[PDB]
Amino acid sequence: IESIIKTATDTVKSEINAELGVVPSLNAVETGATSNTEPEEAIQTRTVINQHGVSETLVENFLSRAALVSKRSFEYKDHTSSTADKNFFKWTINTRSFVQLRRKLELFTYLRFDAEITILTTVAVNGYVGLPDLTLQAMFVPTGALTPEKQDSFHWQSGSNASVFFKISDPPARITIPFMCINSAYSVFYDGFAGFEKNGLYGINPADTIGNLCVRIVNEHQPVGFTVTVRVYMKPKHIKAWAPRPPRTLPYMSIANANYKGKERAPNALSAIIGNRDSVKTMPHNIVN
Amino acid sequence: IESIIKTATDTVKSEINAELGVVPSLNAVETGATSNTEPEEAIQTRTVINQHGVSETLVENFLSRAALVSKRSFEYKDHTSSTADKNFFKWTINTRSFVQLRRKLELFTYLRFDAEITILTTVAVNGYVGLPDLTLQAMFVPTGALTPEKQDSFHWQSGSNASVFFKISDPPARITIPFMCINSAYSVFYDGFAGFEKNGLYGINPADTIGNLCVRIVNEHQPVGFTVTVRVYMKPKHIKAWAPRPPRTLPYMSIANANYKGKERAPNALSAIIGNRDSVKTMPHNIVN
Amino acid sequence: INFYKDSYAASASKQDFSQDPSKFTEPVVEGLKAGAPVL
Amino acid sequence: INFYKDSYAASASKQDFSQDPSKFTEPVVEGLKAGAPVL
Amino acid sequence: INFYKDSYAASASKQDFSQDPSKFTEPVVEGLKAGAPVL
Amino acid sequence: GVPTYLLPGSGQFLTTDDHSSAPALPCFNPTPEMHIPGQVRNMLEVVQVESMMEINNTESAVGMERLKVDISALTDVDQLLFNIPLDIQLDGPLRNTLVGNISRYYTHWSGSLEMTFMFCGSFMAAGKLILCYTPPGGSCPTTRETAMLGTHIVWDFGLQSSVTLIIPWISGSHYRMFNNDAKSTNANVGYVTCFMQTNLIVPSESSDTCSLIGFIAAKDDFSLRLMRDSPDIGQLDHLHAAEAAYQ
Amino acid sequence: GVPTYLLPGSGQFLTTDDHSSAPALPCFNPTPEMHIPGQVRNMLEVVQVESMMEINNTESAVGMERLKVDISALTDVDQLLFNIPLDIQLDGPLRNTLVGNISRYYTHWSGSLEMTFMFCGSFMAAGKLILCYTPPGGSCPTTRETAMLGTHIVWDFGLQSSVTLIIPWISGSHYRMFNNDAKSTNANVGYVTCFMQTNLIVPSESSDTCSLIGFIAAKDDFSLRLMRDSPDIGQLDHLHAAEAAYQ
Amino acid sequence: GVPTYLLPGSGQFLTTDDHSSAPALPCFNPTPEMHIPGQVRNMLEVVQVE
Amino acid sequence: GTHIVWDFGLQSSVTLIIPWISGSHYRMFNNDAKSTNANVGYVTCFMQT
Amino acid sequence: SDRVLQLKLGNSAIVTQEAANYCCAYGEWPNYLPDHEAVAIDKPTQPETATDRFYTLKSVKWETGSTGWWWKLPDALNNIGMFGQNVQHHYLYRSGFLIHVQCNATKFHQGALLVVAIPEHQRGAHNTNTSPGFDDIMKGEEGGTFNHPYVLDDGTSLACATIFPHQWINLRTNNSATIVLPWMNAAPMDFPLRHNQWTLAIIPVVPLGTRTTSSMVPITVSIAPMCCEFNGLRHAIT
Ligand SMILES: CC(C)Oc1ccc(CNc2cccc3c(-c4ccc(C#N)nc4)ccnc23)cc1
Ligand SMILES: CC(C)Oc1ccc(CNc2cccc3c(-c4ccc(C#N)nc4)ccnc23)cc1
C-alpha cells in the first residue's frame, strides 16, 4: 500500500510463540517476493518508539546535489599560429564523463528533472603578471543550430540562442534548464539504436539530446597567454525516478557505452567483485582478546 | 525548584535576631549541600530592588561565539619536485588543538549543538607581484569516504560530498553543520576505549567522529609561489550542556589526552596552582597610607 | 523565495514522503500472509 | 530572518532563562531548612 | 530597520522634544514674576 | 533604496545549497507527464528488497560460483559450515548488495537486517541447520554450543524453501558508523554463523552436494544518515570518447 | 529589482554576530534528544556551588596541603590566625575556585559572596573563632579589636561543623571590575581575617593541631558582565599530535 | 533569491548617517538608569542662560 | 548472601533476619545434618571496618 | 534523625547511625529505560534482586601518607556475582548505583575524606605525551590510587571537584557517606567492558590524626547497582 512515511517503524513487544500451522520465519524466495518475517515474529522484542527520520534517503535529496559534468582547459592567447581551442570551446552535452554522478544517475532507468547549472571559471598565467578579470560568454546551441567556428564569428551575436555573459571575479554563473526530453522522462539506459538504418548508435536515446555548450572569452587576446579552465556543475531538481537497477560494479571504460573489463584482481574484477578471504569459515577482522 | 530567572535576586530589609534553636549561619558541609545562609540572616540588610540582568551568563551566550579550531599554511606553487601540502591539505576534524575553545568546552561533560563554520583565507607572495584572487574548494569527507590524494584527483568532483567553492576576495565562507553525534550529546570527556580490543584509543568517544575537511586551491599553479593560510572558526549554537566540571588548571600537553605536567613554578605548577605569599597572615596588596 | 516567472526555476521539492515498497518487495498476485505458509 | 529549509540553519536561541541550581547546590534527599540546624 | 537582537544596536533616537530650561535659568525657590519686582 | 550589508558566505558556491535560479528558456513547456511503472521516491524502498550475498568470496570461486555455498553430508556431529562477516563498510559478502551499495552513500545507519537462505538441493535432500547471530564484544564462535547462545533460527528443510534469520538492531547508540576501523565499538555488528543441526541426508541418486543461496535486506525500521561519496567507484583517466565530446 | 546600497560593516566577520547560515547537510535528521542528568542553562548556577579556597598558598605547602589551614592552641589571647585577600583578578586564594574560574571569563561583577569554614579537628576539640569582613578604604586589620568593627561572625565549634560568613555586596557602583590594579576604587573589596575568639582547647589524646577548610560561593544576587578571554590558559607551541591531524 | 541592484552611495561612510549596526557584545545588560540632577535635552536650554 | 552491615552506635543491637528459604514446607530435626531436608546453611561475621 | 539511615536492596541491608543526609546526584533517581528512549529492540533481562544489591569491595587502609583511592563503575563490579555474569553474557548494560562509603574512628581521631562521584573521569598521565594505557585505567575491584589528587590526575583541580556529586566524611561529624547515581551516559545503553560511566573517588583532604594509640583505620566501599538492564544475550566474554 502507498502511504506517507516520515520515520522508521516502531517495534512492538512480543511474547512466546508455539502455534501449529503458523510459521512466520519460513519463506518462499521462488515467488520473487522478499521475506515478510518481522522481528516480533523471529525473537521476543520490547516496545520501541522509533523517532528516526527518513528524509535524507528521499530521491530528491539523494540526487539533488551539484556534480561536475564538464571540465575544459584552453589557452587564452594570440592563436594566429596555433594548430586547438582558440579562445573558445564547444562541448557536446552529456552526463557520462564523470563517474560519481554517472553511477548515481544509473541507479535508475527513467528520470525526469530540471537541471540547475553552475559555471565556475579559473585562470592561471602561462609559464607572472596578476590575473585578468575576463568576461566569458556561454551559449546554448540546440540540435540543428549552427555552432561558432571562431572566437569572433557572428554566431555569438546570439539573436535567439540563450547566452549568459559572466565575469571571473563574479560568483559562478547559474541558470536552470527545464526538463527538455521529447518524452516524459529521460532514458538513463536505452536498449536500442538511434536510427532507422542499422549503422546508428547503440545505447543512446535520440529523445534525450540536449545540444552544445559553446564557451568563449569575450575579450581580445592579451600580449601574454593564460590558461582558462571551465567547470560545469549540474544539480537535478524536481526529480521523478523509475525502476531502480543493479549498481555499476566494474570500472567504466567509455562514455559511449556500458563496456566493462574490471580491475586486474578483486575487488571489482570481472571474476570476483568482493575481495577474497581464505575460506567461508574465516572471519577476516575477528575480535581477539 | 526549576524557575525562570531573568534578574538577580532582590534584598529584603531584616531586623535584629535573637531566637533560640534558630541558627542560620551554622551549616553542615558533609552533606554535600552548599550553604543556604542568606544575607538577611547574617547581617541587618536594607531593601534593594535588584535590576541586574543575567543574560550574559546564559550557556548559549557563554559558548556561542566563533573560535579558531584549525589553522593551516601551505605553498601554492608548482609542486612537481616537492617532498608537503601540494596545493591542498586534509584536516582530521577536532576541537582539542586551540586551548581557549578547548578549555571553555571542557567545562561541561556533555554538549549538544550545531556548528557554524567560517573559513577565512589569506595569501602572501613567497620571497612581490600583487595578490591573486584564488578560488578554493572545501570538501567535507565523512568517515569511510575516500580523501583526495592530489590537487586534481577525481575525488574533488564531489558527487555526494558537501563542497563549498569560495574566492579570497569574497567574505569568509560560512556553513552550518548539524549536530551529528550518533548519541544525543557529544562526549566532551570519555572514560573509555574506542575498540573491542584493548589496543584502541583511550579518551575519545567513537560516537563523536566528524570526519575530514579537505581544502584545495582550484586554480592551476602560477609561475611564482604563494603561501596560503586557511583559518577555520567554529561557533556552537542551539546549545544544551550537562554536568559542569572543574576547569583545566595545568597547561595542556597533547590533543590526544588530558596529560599534564604544569609550569615549572606557581601559578599552575603541579604542586602549587596559586602563586605563593609569604604567610597566611600576609596581605599581598595591602592598602597603606 | 521565487520571483521568476517559470515554475521550473524554483528550488527543490523535498516534501514527497509517499512510499510503496511493495511494488518492489511484493509484486506477487496473491499477497503474502504472516499467519500462513507462503507456498 | 531564516529562509533556509532546515531549522538547524537558524540563528542562536538566547531566550532560555530557566534555572535549577538546587540540583548542583542541594542534591540532598531531605531539603535543607533556614529555621532549623542542618544535622 | 533593525534585525539585531540587542536594542542598543538600534539607530539614534532623535524624537525627544521635552525641555525644562527653568532648572538652569530659574533655580530660585520662589519663582520670579513678570508683574512684580524681583527683590 | 534598501540599506543592506553582506554576511559571511556571500557569493560562495555550496554544492548542497537549495535556491531558485534564473530560467534560461522562458515560456518553455515541458512534455506532459505519463504514468510509468516503478516510481521510487525513497531509497529505503530499494534496500528493503533482498539481494544475494557473496558469501563464497574465496579464491577458486569464479563468477557466479561466489553467490552459492555448497553443503555436504558430514560424519561428525554439529560442524560449522560457514560464517558471514557483517562489516558493510569493509569488503565482505554484504558489500555488493542492494542494501550494501545504497548504504555506502551514507555514513550512519540504524535498524534491523533480514537474511534469507534458499536451499537448492534435490526434493529428496533433507536436513536441519542452525543460523546464529552473535552480538559483538568477543570473537566469532567456532562451536555450535557457543553459537546457540546468541539469536538463532533452527531450520528444517521442507516444502518451504527458505528461512529468515532476523538480525535485530541491538546497539547502544542510535546509529552505527560505516567505519574502516571494523573493531570500533561504534561500528562492529558481530557475526553470523551456520552449523549443522542434524545432517544433510540424501539418497544415492540425488547429488551428494547441495547449495545455499543467501540474501540480505533492510527491514522497514532501517534508516540512513549523512550522505557521502561512495567508495565503490572512481576514475584515474578520462573515459574513452570523453575528449571527443569537445571535438 | 530592489534598489539597495551597502552600509559600513558589509562583509565583515564579527565573531559575536548572530545570523542564520546555509545548512551543509540538507534533510539531515539529528539524533533524538534523551534526558540526561545535570543540565546547566546559566553559568550563575555553577558559581553558586561552594568550592575550596587555596588559603594556604605558601611555600612548603605542597599540593593538597594548600587547601587547609592548621590551627593550634595559643598562650596569648585574641591572636590573628590567617587572612584572605579578596582580589579575584589577582592570583590569590580565590582564583582557582568555581566562582573564581567562571568569573574570570567576565570583566564586571556584582553581588554577595559566601565563605564557609568546616572545622576538621577531633570530636573532643573545642573553640571559638571570629571571622571578619572589612569593607575597603584602609589597611587589613591586624588586631581583633580593630577587625571586630567590621562585619563578623563569632563561631563556636560544635555538632554543626560549619559557619558561613556572608560577604555582603557593599559597593558605591553597581559593579566592580576584575582590575589588575588591585588598589583601584573600582575593584578593591577589602579583607577577610580570622582571630581566636577564645582558644583551641584539646585533650591530651586528641591531636594538638587541627585544620580548617575554607569554601566560597556566589549567592543568587550575583551577576557577571562583559565576556573576555580568561587569562587562566594559554599556549606557546602547537600541542602534541596537533600537526598529525593534518597527516 | 531577491533581484537587486546597487545605487550611487553604496558602501560610503557618511559621518552623519543613521543606521542600526551589529552589537559587538551580545546579551550585555547596561547598568540601570538612575535619576541625576540637570538633564539637558536641547542645547537651546543652555543658550537661554545668561 | 543475605547480610546486614552493622554500625556501632547509640542503638546497641542489630537483627539479622534468617528468612525461611526452603524448597519444602518443613525441615526435619535430622541427626543427618547434611541431609537436604535439614540443612539451613550458615551465619558468619566479618569485620566491615 | 537525618543521622540514622537504613538502605535495603534485595537480600542486603546497611544500617548507619552517623550519616550526614545522603546525596541524590543532580537530584535524580535511577529508573529503567522507557520505551520512548529505547534503541535495542530485543526484550531486556531485568534480574532485579539478583543484581540490585550491595556488593562490598576490599577495604583499603587510610594511612598518613595516603593520596586517595578510586574505583570505576561498572568495571569494579564487572566480575562480581550475578551482576558480573550478566555483564559477561550481554553486549549491553544499563544501571544506576547506590554507593555507601564507611569509615569509623574514635572521638580522639580527626580527618576528612572527600567522597565524590565523577562522571566521565577521563584520566591523564603525568609528564608524558602518551595516553594512559588499558592497564592504567582498568583496575577492577581493587581500584587505583591517585597519583596527584590535587589535580585529580587529570590536570584540573581538587578544590573544584565539589561541582560533582559528593559528600564528606569528617571524623568529627559522620562515619559514612551515601551517593545515589542515576544512569549517566549520552547513549541509553553501553557495552560495560570498554566504557566507565562513573568514577568513585575518596580523597583525604585532611589527613588522619590522633594521639591515642594507633589502630588500623579502614575505608570500606559498598556499591549496589540499581535498575539493571541487559541486552544482546550471547556467550560469555569472561
Ligand atoms: C549557456 C546557458 C544559457 O545555457 C546552458 C548552459 C549549460 C547547459 C549544460 N546543461 C546540461 C549539462 C549536462 C546535462 C544536462 C541535462 C541532463 C542531465 C541528466 C540526464 C540524465 N539521465 N539527462 C539530461 C539536461 C539539461 N542540461 C544539461 C545547457 C545550456
Ligand atoms: C566543506 C563544508 C561544506 O563542510 C564542512 C566544513 C567544515 C567542517 C569542520 N567542522 C567542525 C570543526 C570542528 C568541530 C566540529 C564539530 C564539533 C565541535 C565540538 C564538539 C565538542 N565537544 N564536537 C564536535 C562538529 C561539527 N563540525 C565541526 C566540516 C564540514
Side-chain angles (χ1 to χ4, degrees), chain F residues 78 80 83 86 108-114 130-153 165-177 179 181-193 195 218-223 225, chain J residues 32-46 72-75 78-79 83-96 119-120 122 131 134 137-138 183-198 227-238:
Chain F
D78 70 36
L80 178 74
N83 57 29
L86 300 184
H108 305 165
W109 74 280
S110 189
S112 306
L113 296 174
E114 160 260 295
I130 190 178
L131 286 158
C132 313
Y133 170 59
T134 298
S139 56
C140 178
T142 63
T143 64
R144 191 179 72 185
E145 67 180 307
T146 305
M148 63 81 64
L149 301 175
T151 289
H152 68 271
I153 181 68
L165 177 74
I166 293 293
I167 300 160
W169 182 249
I170 298 179
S171 177
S173 295
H174 281 269
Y175 290 91
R176 280 178 172 107
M177 297 195 62
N179 194 188
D181 181 11
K183 303 190 175 173
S184 177
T185 56
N186 293 354
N188 202 277
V189 194
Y191 318 99
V192 167
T193 56
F195 298 81
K219 296 298 305 185
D220 62 15
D221 68 349
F222 191 90
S223 175
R225 244 170 46 160
Chain J
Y32 291 113
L33 182 64
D35 300 346
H36 68 269
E37 298 185 328
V39 169
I41 68 165
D42 54 318
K43 187 177 189 285
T45 187
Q46 287 177 353
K72 286 183 182 293
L73 299 175
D75 182 46
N78 277 345
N79 200 240
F83 181 87
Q85 299 308 326
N86 280 279
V87 309
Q88 285 166 58
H89 287 256
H90 291 260
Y91 171 43
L92 300 178
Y93 137 91
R94 194 190 188 266
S95 77
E120 303 288 5
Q122 177 191 331
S131 306
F134 196 88
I137 302 307
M138 304 298 289
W183 178 247
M184 187 58 176
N185 196 3
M189 303 186 74
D190 221 327
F191 176 51
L193 308 186
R194 291 290 177 275
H195 179 211
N196 295 289
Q197 287 74 52
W198 289 108
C227 303
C228 299
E229 275 165 301
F230 310 85
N231 267 317
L233 182 65
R234 46 132 174 69
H235 69 286
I237 289 173
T238 200

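Order of the sequence lines sets the chain letters (A, B, ...), proteins ahead of strands, with each chain counted from 1.
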Task: Largest heavy-atom contact set with chain J, pairs under 4.5 Å, which of F:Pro136, F:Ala147, F:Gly138, F:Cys132 - done: F:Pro136
Open item on the list: I'd like to know which of J:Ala186, J:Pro188, J:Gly232, J:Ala38 tops the heavy-atom pair count under 4.5 Å against chain F.
Closed with: J:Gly232
Task: Side chain / backbone / both / neither for J:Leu92 at chain F, heavy atoms under 4.5 Å - done: side chain
Could you list each N or O donor-acceptor pair linking chain J to chain F at a distance under 3.5 Å?
| residue | atom | partner | partner atom | Å |
| --- | --- | --- | --- | --- |
| J:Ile41 | N | F:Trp169 | O | 3.2 |
| J:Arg234 | NE | F:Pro135 | O | 3.3 |
| J:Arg234 | NE | F:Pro136 | O | 3.3 |
| J:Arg234 | NH2 | F:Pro136 | O | 3.2 |

Task: Atom group of J:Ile237 that falls short of 4.5 Å from chain F, counting heavy atoms - done: side chain
Open item on the list: For a 4.5 angstrom cut-off between non-hydrogen side-chain atoms, does J:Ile137 reach J:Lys72?
Closed with: yes
Open item on the list: Quick check: closest heavy atoms across J:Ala40 and F:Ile170, and the distance to 0.1 Å?
Closed with: CB-CA, 3.9 Å
Task: Heavy-atom closest pair, residues F:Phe195 and F:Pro141 - done: CZ-O, 4.1 Å
